[PDB]
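> got the complex split up, this is the first portion:
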Amino acid sequence: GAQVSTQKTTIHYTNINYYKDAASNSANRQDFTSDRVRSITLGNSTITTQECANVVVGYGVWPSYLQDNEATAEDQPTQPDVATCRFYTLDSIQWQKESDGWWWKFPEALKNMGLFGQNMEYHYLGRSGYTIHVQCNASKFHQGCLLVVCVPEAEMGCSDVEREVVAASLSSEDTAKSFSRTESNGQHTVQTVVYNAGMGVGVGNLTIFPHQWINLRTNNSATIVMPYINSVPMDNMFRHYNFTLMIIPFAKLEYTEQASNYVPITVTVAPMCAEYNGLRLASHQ
């Protein structure tokens, strides 16, 4: 009551709140001023990245548990620390000259690997942070570049307008969907053009989301420690994708005549501090 402050040019302003609701006040609009390599050992499967390589820690935050301060569940059964933390390796996509790009959808891309698809198949809720590590074996005469990006909530538009999308075309089971350098003509598939990144945004503007570059000159691999990002604290993993990887080569790979032409790319994700709630004797499928 009877407050006095400053304004952006003595000069002041005395505004009072005449209402009994916090959402009825005005807007605030004022500020009060042979060699050494590191080895991540998580679960029982290690990696070897580099000594000199940076590791991007998500949106600044490390993946952590959901404390009692911000829980809305009723009862909380156990979360495993060894059983689902291993560096699970997915299928190896093959990089060629005219390769467009690849994507994944990770809450529905680990359903077969280990017990991570054997805990979320029973419990109703779910929460896990991820530690993606994508690698390609380099050489000094194999120029080319790569961009990885973990876009969260990557709503993808359908190929034909006034249609929805189908779950068989949005995600795949073990394979990464290609990113046609042209336009898909499908009636129910996804609009998978590469210069719009599926969501309709400019594909150069995918650098806000945690991103790393796998430039074949000065980098061999890339590791993004993505945190669990969702509005609700807990949501089911079978009808919701938390984020989406996108591996789009900005510069095509150009080898020479007497050089290898079967350069692979693997992804080696690992769920960190995976929590579950609501055990129901379901056994989903």
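Sure, I can see it. Numbering: from 1, shown residues only, chains lettered A, B, ... in the order given.

> gap between the closest residue to residue A:37 other than its chain neighbours and residue A:38?
Nearest in space to residue A:37, with sequence neighbours left out and distances taken as C-beta to C-beta, 6 or more residues apart in numbering, is residue A:48 at 4.9 Å. The way it works is simple: take the backbone N, C-alpha and C, and place the C-beta from them, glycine included. With distances taken as C-beta to C-beta, to the nearest Å, residue A:48 is found 8 Å from residue A:38.

> got it, and residue A:27?
Residue A:27 is 48 Å from residue A:38, by C-beta to C-beta.

> now swap in residue A:218 and tell me
Separation of residue A:218 from residue A:38 (C-beta to C-beta) stands at 17 Å.

> Next up, the contacts around residue A:143.
For residue A:143, the contacting residues are A:216-217, A:251, A:253-254, taking C-beta atoms under 8 Å, 6 or more residues apart in numbering as the criterion.

> So which of those sit within strands?
Under the assignment DSSP state E, the contacts of residue A:143 contribute nothing to strands.

> between those residues, which is closest to residue A:200?
Closest approach between the contacts of residue A:143 and residue A:200, by C-beta to C-beta: residue A:251, at 23.6 Å.

> hang on, isn't that closest one packed against residue A:145?
Yes: taking C-beta atoms under 8 Å as the contact criterion, residue A:251 and residue A:145 are neighbours in contact, 3.8 Å apart.

> Compare neighbour counts for the two and give me the winner.
Under the criterion of other C-beta atoms under 10 Å, the comparison of residue A:251 against residue A:145 puts residue A:145 first, with 16 against 12.

> Tell me the secondary structure of that one, please.
Each residue gets one of three states, and residue A:145 gets coil by DSSP: H, G, I helix; E, B strand; the rest coil.

> hang on, the earlier thing: for residue A:27 and residue A:38, indicate the residue with more neighbours.
More neighbours surround residue A:38 than the other of residue A:27 and residue A:38, with 12 against 5 (other C-beta under 10 Å).

> add chain B to the structure above:
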Amino acid sequence: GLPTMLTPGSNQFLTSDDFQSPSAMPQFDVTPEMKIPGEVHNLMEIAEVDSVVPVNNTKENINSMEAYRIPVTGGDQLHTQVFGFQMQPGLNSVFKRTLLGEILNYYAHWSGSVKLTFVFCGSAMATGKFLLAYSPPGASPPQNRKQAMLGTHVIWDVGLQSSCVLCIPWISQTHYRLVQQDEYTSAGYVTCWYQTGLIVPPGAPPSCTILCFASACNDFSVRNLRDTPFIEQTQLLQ
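Just below you will find chain B, in place on the chains above:
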């Protein structure tokens, strides 16, 4: 009671106001606060993240992905200009759909220092030097390297380091230049010239691809707010 007088400004609906109003949901408690990561505070923090700029924005190339890759062929040139663009962050075709431009296009006035970081995507064995020069508005665009050398420039050794960065300086008559720059309140041309010529060994491919990342330096500011002349509609879309 109190004998007030209604001043001019009564019974109006100015949009950019700050007035109180009675609540439609009284005594309505909210859901408690959660710490979603990435809580942005100011909009300019999106204009501090690099976004690739389509430097090769030719007519055939723009539709294709090959509009972001700038050619750096290897051979004896010593006159060829790899790229040149007026440094107009708002109207220029090169920077307008980039993240810096999109936030900037919302705001009418721009003041700060842009940073262009040019990465080299090429074989490890390749080595070359390039002179990137910001020529201030002065008179005419640089057309030969000797003309570019006078203006502020950085020599980048592709072999010693990839990702050389040029922080284009803010030299201007006025504190703020309009995003729709006119001949007055305009900005100088930026250009890149070969210094030694790329030297690529027999085992590696001669051609290489260089890409450009543009993000504002810390001292960037916006002054007004306006409709974006990029998106439109026709009817109430349903």
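
> Could you re-examine the contacts of residue A:143 with chain B now present?
The neighbours of residue A:143, taking C-beta atoms under 8 Å, 6 or more residues apart in numbering or on different chains as the test, are A:216-217, A:251, A:253-254, B:121-123, B:126, B:204-205, B:208.

> Check these against residue A:269 and report the nearest one.
Using C-beta to C-beta, residue A:216 is the member of the contacts of residue A:143 that lies nearest residue A:269, at 21.9 Å.

> Can you say which helix or strand has the spatially most central residue of chain B in it?
Within chain B, the residue whose C-alpha comes closest to the C-alpha centroid is residue B:100; the distance, by C-alpha atoms, centre = their mean, is 4.3 Å. Per DSSP states H and E, residue B:100 falls inside helix B:99-106.

> Name the next helix or strand following that helix along the chain.
Following helix B:99-106 in sequence order, the next helix or strand is strand B:109-111 (DSSP H and E).

> Which stretches in the stretch 51-200 of chain A count as helices?
Per DSSP state H, counting those that start in this stretch, the stretch 51-200 of chain A carries helices over the ranges A:116-119, A:167-170.

> Run through who's touching the first one.
The set of residues that contact helix A:116-119 without belonging to it, under C-beta under 8 Å, 6+ apart, is A:80, A:84, A:88, A:110-111, A:128, A:271, A:274, A:276.

> tell me which residues in it are buried?
The neighbour-count check on helix A:116-119 (16 or more other C-beta atoms under 10 Å in any protein chain shown) flags A:116-117, A:119 as buried.

> of all those residues, which comes closest to chain B?
Using C-beta to the nearest C-beta, the shortest approach to chain B within these belongs to residue A:116, at 22.2 Å.

> Relative to residue A:87, how far out is that closest one?
From residue A:116 across to residue A:87, the span is 12 Å (C-beta to C-beta).

> close enough to count as contact, residue B:23 and residue A:25?
No: counting by C-beta under 8 Å, residue A:25 is not a contact partner of residue B:23; they are 10.0 Å apart.

> shared neighbours, the two?
Listed contacts common to residue B:23 and residue A:25 are residue A:19; contacts here mean C-beta under 8 Å, 6+ apart.

> put chain C on too:
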Amino acid sequence: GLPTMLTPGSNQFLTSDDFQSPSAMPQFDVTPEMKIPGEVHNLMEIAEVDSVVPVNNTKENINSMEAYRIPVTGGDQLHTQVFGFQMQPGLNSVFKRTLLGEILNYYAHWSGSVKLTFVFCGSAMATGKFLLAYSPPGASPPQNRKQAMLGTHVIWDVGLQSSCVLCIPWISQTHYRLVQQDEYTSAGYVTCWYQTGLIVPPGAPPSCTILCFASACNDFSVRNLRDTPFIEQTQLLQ
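Just below you will find chain C, in place on the chains above:
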């Protein structure tokens, strides 16, 4: 005098307001206060009193009184399901005209733990065990006892105690679930299965009747207010 400005919101009649007004009966004394018992303070105290739920709400039975009595025939079944209902306190036919439902139907959002107490009205000598299981939304309704056992459950010995109570837990993605529950913000099925089979001696009648009482636990809350879609009118009734 005072030069006020009439803000938007002037000369309006928002219903859910709180404004002062001059009195039409000035200096009018009232009758003094009396202590009538049962002075309720909050409306949710009516939703803490048990009201029988019409569990056998079949088409022929609803008109009759025999919609509140759930059959528990004695014999070797071991597969028969005495009852099953989605635990939707607002839309479900079972709970909507019960006291918990009627107060709840007035309020748009429901958050809390419901308690169902199933009394056994039967001969003193009768003895049996029943498994009542709240299966969370998960996948499909329990169809055999082995399916029900996994979900939270209580084994009740009819002989040892009548009136076993199950406090259905609040496990939900959101703090509040809409009374008009959709597939999203829905609630899990609740079911009851024979464990041993009722054992009734020769001198007593084999059949028995079990009834269901539903009242919210202490932690129940409502969030919005709306018209009840249960009562209506046509004209000004005279």
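
> Repeat for the contacts of residue A:143, accounting for chain C.
The contact partners of residue A:143, by C-beta under 8 Å, 6+ apart, come to A:216-217, A:251, A:253-254, B:121-123, B:126, B:204-205, B:208.

> what number of residues lie near residue A:56?
Residues contacting residue A:56 under the criterion other C-beta atoms under 10 Å in any protein chain shown number 17.

> Make sure it is actually in contact with residue A:212.
Yes: using C-beta under 8 Å, residue A:56 makes contact with residue A:212 at a distance of 5.4 Å.

> Which neighbours do the two have in common?
Listed as contacting both residue A:56 and residue A:212 by C-beta under 8 Å, 6+ apart are A:223-224.

> List the contacts of residue B:43.
Contacts of residue B:43 were listed using C-beta under 8 Å, 6+ apart, and they are B:103, B:222.

> Please repeat the previous calculation with a cut-off of 6 Å.
Contacts of residue B:43 were listed using C-beta atoms under 6 Å, 6 or more residues apart in numbering or on different chains, and they are residue B:103.

> give me phi/psi at it?
Backbone dihedrals for residue B:43, given as degrees, to the nearest 10, come out at phi -70, psi -30.

> sorry, back to before: output the contacts of residue A:143 in a markdown table; the columns should cover distance to chain C.
Output for these, formatted as a markdown table (distance: C-beta to the nearest C-beta, whole Å):
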| residue | distance to chain C |
| --- | --- |
| A:216 | 44 |
| A:217 | 46 |
| A:251 | 43 |
| A:253 | 44 |
| A:254 | 49 |
| B:121 | 44 |
| B:122 | 50 |
| B:123 | 51 |
| B:126 | 54 |
| B:204 | 54 |
| B:205 | 53 |
| B:208 | 51 |
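
> which one of the residues you listed has the most neighbours?
Each of those was scored by neighbour count (other C-beta under 10 Å); the top score is that of residue B:122, with 30 neighbours.

> if we can go back for a sec, so what's the residue nearest to the centre of chain B up against?
Counting by C-beta under 6 Å, 6+ apart, the residues that residue B:100 touches are B:47, B:214, B:216.

> Nice, that's everything, thank you.
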